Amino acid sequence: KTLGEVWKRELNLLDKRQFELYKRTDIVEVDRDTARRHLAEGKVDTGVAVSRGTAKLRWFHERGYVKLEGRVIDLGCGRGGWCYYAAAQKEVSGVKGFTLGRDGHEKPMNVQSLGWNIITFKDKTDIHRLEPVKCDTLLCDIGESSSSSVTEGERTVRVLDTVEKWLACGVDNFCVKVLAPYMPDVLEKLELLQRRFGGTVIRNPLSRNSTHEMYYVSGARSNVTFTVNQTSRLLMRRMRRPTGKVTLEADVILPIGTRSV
């Protein structure tokens, strides 16, 4: 019924070539060539990002969508792209990252970009059952794609449900992935959360066309329904007007070393 639900249905109707063409339509992504080469060679002191996540968080941070301050907690940290980005910011005093890191799930990567020493990575952790901890900045980048809109909705509502427990502890800043903001129940939950904690949902330009993911962030306040539909319209336009045109941008390079007393 929602424009996003229509988008999801049409996305699944594309043949293999149509899908490939759509995925490459008017997108922007960082060039990962150097980072991948450095990581494959075991280089840990060149400042490259462990994942594309570093550039995604940088985009939100550099324009005030989320302030990264004090005690940072990263739920579903994976390799740690958000943890390393946060650790390099002067306003951040410490970073605690949690992730599954088992049964195919990405494990934290150990590199020595600026502030690596103030990060505490913990794997074998299901954040849905992790007792909330007090922090100043709450980050969460969880949401597994599914060809089923119903499944994406269920997964998204579960993430928001868990995150609400953490926000209820009192946090100043947050950036939380919302996998399927186009689903009716998710929109309503977001409206309720906004009335309780403020913020709004924003589409990151680095996100792929094949996902409707948006992020619930603390740095702005706007009508959720409007912004989500704005994104649905953009994604539908790209599907109807394929181009396969990709734009590349420089990946993030962080300073290196420890942050000490």
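C-alpha atoms forming the largest set that superposes within 1.5 Å between two forms make up the rigid core. The first residue of the shown sequence is 1; numbering continues from there.
Superposing the other copies on the rigid core and comparing 213-221 to 22-30, farther C-alpha placement in 5 other deposited structures of this protein marks 22-30. The mean Cα B-factor in the deposited entry runs higher for 28-36 than for the other of 63-71 and 28-36. Set 98-106 against 165-173 and average the Cα temperature factors; 98-106 ends up higher. Within the selection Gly53, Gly42, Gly199, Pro205, the deposited Cα B-factor values reach their highest point at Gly42. Highest CA B-factor among the listed residues (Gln89, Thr151, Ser113, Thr137): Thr151.
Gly81: CA B factor lies in the lowest third for its chain, per the PDB record. Ranked within its chain, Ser218 lands in the lowest third, by CA B factor from the PDB record. The PDB entry assigns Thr211 a C-alpha temperature factor belonging to the lowest third of its chain's modelled residues. Per the PDB record, residue ranking by Cα B-factor puts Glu188 in the middle third of the chain.
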